[PDB]
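Data first, discussion second: the structure below is written as structure tokens.
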Amino acid sequence: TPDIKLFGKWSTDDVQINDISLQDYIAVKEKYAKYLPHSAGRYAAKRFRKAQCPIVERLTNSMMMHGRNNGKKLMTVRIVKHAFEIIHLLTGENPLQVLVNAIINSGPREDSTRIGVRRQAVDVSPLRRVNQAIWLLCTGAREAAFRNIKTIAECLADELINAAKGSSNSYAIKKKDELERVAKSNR
Amino acid sequence: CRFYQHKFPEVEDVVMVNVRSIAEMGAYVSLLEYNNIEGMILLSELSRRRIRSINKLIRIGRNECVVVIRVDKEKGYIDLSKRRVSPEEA
Amino acid sequence: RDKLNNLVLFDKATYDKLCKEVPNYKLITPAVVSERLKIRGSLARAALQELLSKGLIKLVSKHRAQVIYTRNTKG
Amino acid sequence: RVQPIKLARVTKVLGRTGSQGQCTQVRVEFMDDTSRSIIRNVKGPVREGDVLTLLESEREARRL
Amino acid sequence: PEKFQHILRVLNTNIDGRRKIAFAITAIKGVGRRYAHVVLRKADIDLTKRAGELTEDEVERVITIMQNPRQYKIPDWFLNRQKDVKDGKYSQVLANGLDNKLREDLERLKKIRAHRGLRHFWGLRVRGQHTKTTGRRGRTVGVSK
Amino acid sequence: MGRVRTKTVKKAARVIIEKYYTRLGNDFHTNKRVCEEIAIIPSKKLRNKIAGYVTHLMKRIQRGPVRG
Amino acid sequence: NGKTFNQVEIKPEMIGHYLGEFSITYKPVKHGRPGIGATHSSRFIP
Amino acid sequence: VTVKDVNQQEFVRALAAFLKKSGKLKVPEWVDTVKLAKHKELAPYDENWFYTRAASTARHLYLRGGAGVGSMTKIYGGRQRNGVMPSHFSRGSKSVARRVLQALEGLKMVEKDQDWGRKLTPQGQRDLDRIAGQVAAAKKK
Amino acid sequence: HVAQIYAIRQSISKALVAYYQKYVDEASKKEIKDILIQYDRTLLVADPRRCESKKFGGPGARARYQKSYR
RNA sequence: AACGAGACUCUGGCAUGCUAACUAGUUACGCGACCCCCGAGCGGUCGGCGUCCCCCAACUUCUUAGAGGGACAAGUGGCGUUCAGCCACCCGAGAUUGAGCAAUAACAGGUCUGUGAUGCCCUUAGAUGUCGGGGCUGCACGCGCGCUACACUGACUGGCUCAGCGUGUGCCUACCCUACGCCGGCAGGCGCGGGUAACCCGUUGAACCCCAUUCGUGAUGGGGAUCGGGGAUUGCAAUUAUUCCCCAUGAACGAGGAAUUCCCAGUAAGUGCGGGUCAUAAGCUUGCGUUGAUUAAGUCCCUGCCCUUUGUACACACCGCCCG
Ligand SMILES: [Mg+2]
Ligand SMILES: [Mg+2]
Ligand SMILES: [Mg+2]
Ligand SMILES: [Mg+2]
Ligand SMILES: [Mg+2]
Ligand SMILES: [Mg+2]
Ligand SMILES: [Mg+2]
Ligand SMILES: [Mg+2]
Ligand SMILES: [Mg+2]
Ligand SMILES: [Mg+2]
Ligand SMILES: [Mg+2]
Ligand SMILES: [Mg+2]
Ligand SMILES: [Mg+2]
Ligand SMILES: [Mg+2]
Ligand SMILES: [Mg+2]
Ligand SMILES: [Mg+2]
Ligand SMILES: [Mg+2]
Ligand SMILES: [Mg+2]
Ligand SMILES: [Mg+2]
Ligand SMILES: [Mg+2]
Ligand SMILES: [Mg+2]
Ligand SMILES: [Mg+2]
Ligand SMILES: [Mg+2]
Ligand SMILES: [Mg+2]
Ligand SMILES: [Mg+2]
Ligand SMILES: [Mg+2]
Ligand SMILES: [Mg+2]
Ligand SMILES: [Mg+2]
């Protein structure tokens, strides 16, 4: 056991990544196992250094948004903790693999740039894939829980779940495939 | 309550839609000749020629007849178009 | 805006549904019971605590912000 | 009207084209026959060597 | 649990029966929330039962406290009307006593045409606020002739 | 960054080598002391940059001749 | 007032108020027509 | 075990439950009709708030033996929301902080030390550490 | 509060590496230092980051007040 | 050859090396004292907690602040006409910290209301050189810098635990920061000490945050405008309410059209705290810390800037000139 690390509870070493394009850009196994999603981490000092950042910490940073959350990070860690604890119930599966699935199945593998409304189609770099997937599924949650009785942990959990199996009931998937159809038309 | 003998409109049909929100790369519009499954019209497909302001063509709450081009009969993606209509169809 | 109707205390039908919903769920939070039933939410909390006092449910994590339960830690 | 996905590996970065200099010119292999090669235009920050994904390997974009 | 009547009509206003009793009786004018907690505390009532869970005799115990606060030992610095200008009494005006006491106060002011009476008349701001860029109810005017 | 030595750093380092060539070896920390002894550089920051160009020029002069 | 002396007969109800409180220092406003600078659109003369 | 060995919240709950188990420690008459500071907006929920407040006060005296009322009102200060203007830091109530320290001297737990201020008597510290051990043994700490 | 968790977390491990290095052999502390520095740096090397100083013109260090042209 | 750039001056980051400290400390024990067994033990001894009291003990890690040291594209590998230099990497406290200072030539820029700097003009005893009152706050309306919000990533009520830059008795002038006791629900009042300041306020018990309770999608306990009544402090004087406290009243506002501002790392934003003005007194501004992201490593498209070539009927210079 002491050679191996957990977010208190969840194991990393049983994870798998099936998109060989994203194996360089999602950090979860091995030297990227940390006990908490909270490190000082001067990541945003050089260009690609953001790729080394453990994926759960990236999921936390992208969550404290819209003004009256800027900076409040300990709330974000206590949100993520609860979200995973709910996910393990709603499935009975490992929470980290579900997160890795919901990131892989949300990166739009083609987008349309603007040239002149005249657009053109282009393919997205493997880093932008994950950078967009994170944004999308954290906006889905923040949006689903703005005036409902549900709690942000509940909505983030069911968002990760409904996305890890592309279901058209999740904001992320809808927006991704809708961003791809617009590219498909003006190919 | 359903209007017609098929709940999902077929390709090449002209439909009555009430535009509801002008999107960033289209508009999210209701469906009023079929039940209210959403529709998305691409902004490249309002008119055949250059436009000065979108509010002069479409604005929230205006019944209009548009032609569907493609649809994922499974997932629910109704792709809609307005360049491709004659006023007789209307 | 609409009128999300909710009760503050149970009627017999709803009380039956509570003592029978326990196995149906693998996620028991105040919010989900307050939405699947027509419960205010300050009532869902009290009812869930009452059930927990009957060993009918198992508390998996309680926080100041969010509470959770589980089905039976069985099956 | 039906084509499988293709996976290419970036082998060289040429320049940053587009009107605001947003997209990037890049030359890719094909990971099943490393003989093939095309020039593509990507949107994110490509490095070198990472696996793109093409939804229509037949095109070959030539400017902005 | 407890499926008897909930709504109650305390004096001249419909107190909804659902809300917690503290936040239930606040639907009376002149009775904010800080005063209500004191009334309920001096009434010995539980503070975890809604308005529907009180019988017909506790409610009188609460009313008589709201009406005669000075005698149930609620100090003279809680009452909203103090050394009343016309007769020196101290009390909480409750429901229409509030309306009439505001009405009488504005009449009292206008009668001797004090600078506040005229401001209440002309419909302006009575305290010392600037009025050049505020309030601003009316309609736009054009420079054309 | 920059790192383009100014002409007041590329003229000291040229006179010094002409006068004292047999002291200026090939490491930087000894040159940083020789230069401090021979000339009067009125700063630490300037002294180091001068003694850092001296080493470049020394490495180059252990090949063919330089034209200054 | 600032220029006139305004008479005031004293009533008993004036008790405890201030004297100046019965003699206002200005005419109440009623507006004219907006002038040539009134709106951000209004400015132009050839 | 001393007091620093145990979780400083359940210790407070234990000390309050013990203080309100002796019949001593007279409480002021206005205990139920008081805001508790200039910046609050409501009266405390817990009907026994005086007992909790005295418990925490004694604990705070234990950890820093020279308080006086002018810091009990700072130890208890908070943030005032000035309506439509920015908030600002605001002190506690002098009068209840004073009556709390006076009520503790009646239990011989507190005494006015040299210079000026207050500290716990030798007999007060025992009363504390005893329930500290009680807590550590109940929760197994 | 948080900036003291890292002070503590850095100080104790910077200690177990200097109690070894002084009263144990040298080659035993090279084990500690590499079990440590390979997992997370800044358990031995302090962050050099400190707040930058505000300037006139803006609310903080780099922002500026709004500019109303017309 | 001269100026500007750069160099330079201040500041932030590193020294367990030096200098040396009752106006900073730490460790030790000389201690002793309190307390609990909390562990061996029993309760002392072995130990544990101490901003409890000492030392004419030892020292300078933490604190303070002086002298020097350190970083140079210096080492290694690529690209460079093998030059000037660029890119990645190693060792490292650090391989780009932030400011101040700044040229030639100009502008009909601002300031005669900073000046006992000042030409000319005006008024000069029925004053344009003093006291009492009013005004600069007046409200149909158009705009600018902002503050608080539209809530559940929340509001309320308790509980727990952390800073940094600073100022402080006033020379006419006449006032300073506050400990500790007592009285009052609160603002506040009386009493009696310290401070001309690393000495006292002060170990500056700061807010957000952190932990636990009530509410439940409802303009609701969100929000806190407007208005009634009452109680204090400043001052010669508070009405057109100086400021402050309490009970009460409970509006618009459910993320904002066309447009448009600022911003690259301890930065944006959230959060409070000192300085200035200040008899009383920040929704301002100037600084300080505290929790601390997303996106970029680019381009000349838009708005502008610098250098070369080219065209001109412009030179008050395209906001030009000019035809019927
Ligand atoms: Mg706020
Ligand atoms: Mg800031
Ligand atoms: Mg420097
Ligand atoms: Mg320093
Ligand atoms: Mg000490
Ligand atoms: Mg120095
Ligand atoms: Mg080389
Ligand atoms: Mg290194
Ligand atoms: Mg610099
Ligand atoms: Mg210049
Ligand atoms: Mg002048
Ligand atoms: Mg003059
Ligand atoms: Mg005079
Ligand atoms: Mg005068
Ligand atoms: Mg003015
Ligand atoms: Mg301005
Ligand atoms: Mg609070
Ligand atoms: Mg004023
Ligand atoms: Mg300020
Ligand atoms: Mg002052
Ligand atoms: Mg001030
Ligand atoms: Mg000002
Ligand atoms: Mg140039
Ligand atoms: Mg020419
Ligand atoms: Mg020419
Ligand atoms: Mg000419
Ligand atoms: Mg002209
Ligand atoms: Mg022209």
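What you see of chain E is 6-150, where the numbers are those given in Swiss-Prot.
Including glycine, each Cβ sits where the backbone N, Cα and C put it.
Marked as SUMO2 cross-link by Swiss-Prot on the basis of similarity to another entry: E:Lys91, E:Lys94, E:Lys106. Annotated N6-acetyllysine per Swiss-Prot: E:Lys94, E:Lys106, in sequence order, evidence recorded as similarity to another entry.
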- Message: Given a separation of at least six residues and a C-beta threshold under 8 Å, show me what packs close to E:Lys94 (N6-acetyllysine) in the same chain.
- Response: E:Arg86, E:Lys88
- Task: Other Cβ atoms within 10 Å is the metric here; tell me which of the recorded positions E:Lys91, E:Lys106 scores highest.
- Result: E:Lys106
- Query: Between E:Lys91 (SUMO2 cross-link) and E:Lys106 (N6-acetyllysine), how far is it from one CA atom to the other, in Å?
  - Reply: 11
- Where does E:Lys94 (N6-acetyllysine) sit in the DSSP three-state scheme? coil
